[PDB]
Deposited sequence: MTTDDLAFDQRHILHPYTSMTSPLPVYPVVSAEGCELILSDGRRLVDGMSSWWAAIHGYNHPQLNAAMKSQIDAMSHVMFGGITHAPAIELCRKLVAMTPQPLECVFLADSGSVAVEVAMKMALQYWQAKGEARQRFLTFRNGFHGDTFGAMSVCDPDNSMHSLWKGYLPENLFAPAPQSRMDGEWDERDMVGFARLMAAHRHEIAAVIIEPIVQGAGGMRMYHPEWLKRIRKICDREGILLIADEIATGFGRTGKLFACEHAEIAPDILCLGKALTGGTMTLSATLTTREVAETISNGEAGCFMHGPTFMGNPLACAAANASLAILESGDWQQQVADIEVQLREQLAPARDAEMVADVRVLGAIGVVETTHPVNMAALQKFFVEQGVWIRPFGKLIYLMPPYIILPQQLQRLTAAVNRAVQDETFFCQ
């Protein structure tokens, strides 16, 4: 990449949630291997982010690579309308088998946000078929479910700046963010949620939440009793429960799916990010026979969704290979060990002036700060320390690949601790 290439990127290429009028530096990556990113200048960076949760097996993984190359040899893509193929069948077999018993109907899609849209549409079509006027979603504050309009409608109104779209977005119900920490349970936590359920139980199509960990909305970690209660309340009212595990799925919190922490099964389950081992985009929305059949037995005669690249063979083959790595079970002790190291090595941030809170769960470590980070200055600091840590707002957090070496993890936690010692990298 020439200097001109970098200049072109700056002035012509949009990046996630960042200014085009005051663009901040971006770092040119040429390749990646193991748990490292390689910059164009040759510098190697230990990846603390897993490219946002997804790359649970690191980069240039020989098994993932071989499975992708082999599927390219057969066919990278063929349409899914009137056609099926081995990669999709093998993936759906794995997803059905590894998720709770009732979850046995799979709708593959292209991205997490679309998987949520699909889940929301399922709930709406389900009640339409049952002849019930139910179009409200009940969710938690500080939630994040994606960027498309339907998904946006259940994201935190404050965090997601709903004022920007006031009048275009359907108005859903927002219960208080769960207070009880992943910590003791306080029954008073439930009041707000109960109030909404009582006033709107006739109207609610589904409850949608991120189980245990609220990711993009604040990296919050709450008590599993909440899920137990939400499942019971949904059962009692006959309301559908959507669990968005696009960030928590596939081992990240220490259990295969975060719903396990409460031993509950949702009616609809959304999966993404780490589904493919972070090689390329793919998502899946699973639901029950009751939901899927009911929908097909309504006026539309089918579930009304079907993206062009639905069931893409290449992505399915990558997901199959990623799941085959998880099948070994090594991730269990890998995450447990990561959790121990995160707890131990982030503990000192609790003596730092710029820290508001420290919390760890599985392969997730979060240092919440008192003031917003200086994105440009802090990003450069991390790069100079030989690490790729991507903070945002008042969060400096780590979600490394499960295969990260202890010495690599140590470089990450050491950098985080150093960054929070004084105000240098803040505001």
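Annotation: deposited residues 183, 429 are not represented by C-alpha coordinates in the model.
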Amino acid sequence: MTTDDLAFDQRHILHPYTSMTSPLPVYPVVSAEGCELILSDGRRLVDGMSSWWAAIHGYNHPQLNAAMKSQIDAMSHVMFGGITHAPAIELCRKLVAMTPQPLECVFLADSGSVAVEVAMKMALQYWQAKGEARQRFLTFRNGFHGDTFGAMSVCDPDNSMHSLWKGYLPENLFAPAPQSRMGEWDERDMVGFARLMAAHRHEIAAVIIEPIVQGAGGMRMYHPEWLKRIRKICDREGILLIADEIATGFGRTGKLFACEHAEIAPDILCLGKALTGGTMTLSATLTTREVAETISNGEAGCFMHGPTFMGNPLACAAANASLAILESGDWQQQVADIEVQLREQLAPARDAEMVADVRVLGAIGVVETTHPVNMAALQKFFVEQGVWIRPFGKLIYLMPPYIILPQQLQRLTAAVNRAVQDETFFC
From here on, numbers count along this sequence of modelled residues.
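For the two regions 284-292 and 193-201, the entry's Cα B-factors average higher over 193-201. The PDB entry records a higher mean C-alpha B factor for 215-223 than for its counterpart among 215-223 and 79-87. Highest C-alpha temperature factor among 143, 249, 306, 178 per the entry: 178. If you compare the C-alpha temperature factors of 239, 95, 152, 275 in the entry, 239 comes out highest.
Among the modelled residues of the chain, residue 121 sits in the lowest third by CA temperature factor in this PDB entry. Per the deposited record, the Cα B-factor of residue 61 falls in the highest third when ranked against the other modelled residues of its chain. Sorting the modelled residues of the chain by their CA temperature factor places residue 393 in the middle third. In the deposited entry, the Cα temperature factor of residue 102 sits in the middle third of values across the chain's modelled residues. Per the PDB record, residue ranking by Cα B-factor puts residue 36 in the middle third of the chain.
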